[PDB]
There are 2 protein chains.
Amino acid sequence: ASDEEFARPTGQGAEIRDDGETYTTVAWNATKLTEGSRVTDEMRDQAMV
Amino acid sequence: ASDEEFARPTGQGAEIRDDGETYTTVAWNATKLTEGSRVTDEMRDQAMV
Ligand SMILES: [Mg+2]
Ligand SMILES: [Mg+2]
Ligand SMILES: [Mg+2]
Ligand SMILES: [Mg+2]
Ligand SMILES: [Mg+2]
């Protein structure tokens, strides 16, 4: 939403003027973060961990 | 309706003459009469009456 504003002075019996809320958006577009790793099965056998 | 009248004096065996009830109207057309006023909410509040 738009910021707060201030009311306007007006004459007695005169028309109240308009200043309503205005709207906008902030967008998101999530980015794929990725990470990978590969191990040979002989390494996977012989490792202590 | 038309006014009362007087009957015709006649000879014996003579034709009776006509003098039947004639009619008319008076029209009306009602005219719109109007009156109006405005008061402000501040005046309506503050007045002693
Ligand atoms: Mg206006
Ligand atoms: Mg404004
Ligand atoms: Mg005749
Ligand atoms: Mg007559
Ligand atoms: Mg007559």
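Where a ≥ b ≥ c are the square roots of the eigenvalues of the C-alpha gyration tensor, would you call the protein assembly as shown rounded, which needs a/c under 1.5, or, failing that, prolate if a/b is larger than b/c, or oblate? Judged from the Cα gyration tensor, the protein assembly as shown comes out oblate (a/c at least 1.5, b/c at or above a/b). Per residue, chain A reaches -3000 deg cm²/dmol at 222 nm when only DSSP H runs of four or more residues are counted, each adding -39500 (n - 2.57). When you filter the GluC sites (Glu not before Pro) in chain A for DSSP loop state and at most 16 other Cβ atoms inside 10 Å of their Cβ, you are left with A:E4, A:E5, A:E15, A:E21, A:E35. Remark: spin-label model distance A:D45-A:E21 equals 6.8 nm, labels positioned 7 Å along the Cα→Cβ axis. Karplus-based coupling profile of the stretch B:27-34, in residue order and whole Hz: 6, 10, 9, 5, 8, 5, 9, 9, with θ = phi - 60° in 6.51 cos²θ - 1.76 cosθ + 1.60 and x standing for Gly or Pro.
Since every read-out is calculated from the coordinates, none of them should be taken as a lab result. Because the Cβ atoms are built from the backbone with ideal geometry, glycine has one as well, and the counts that use them run over all protein chains shown.
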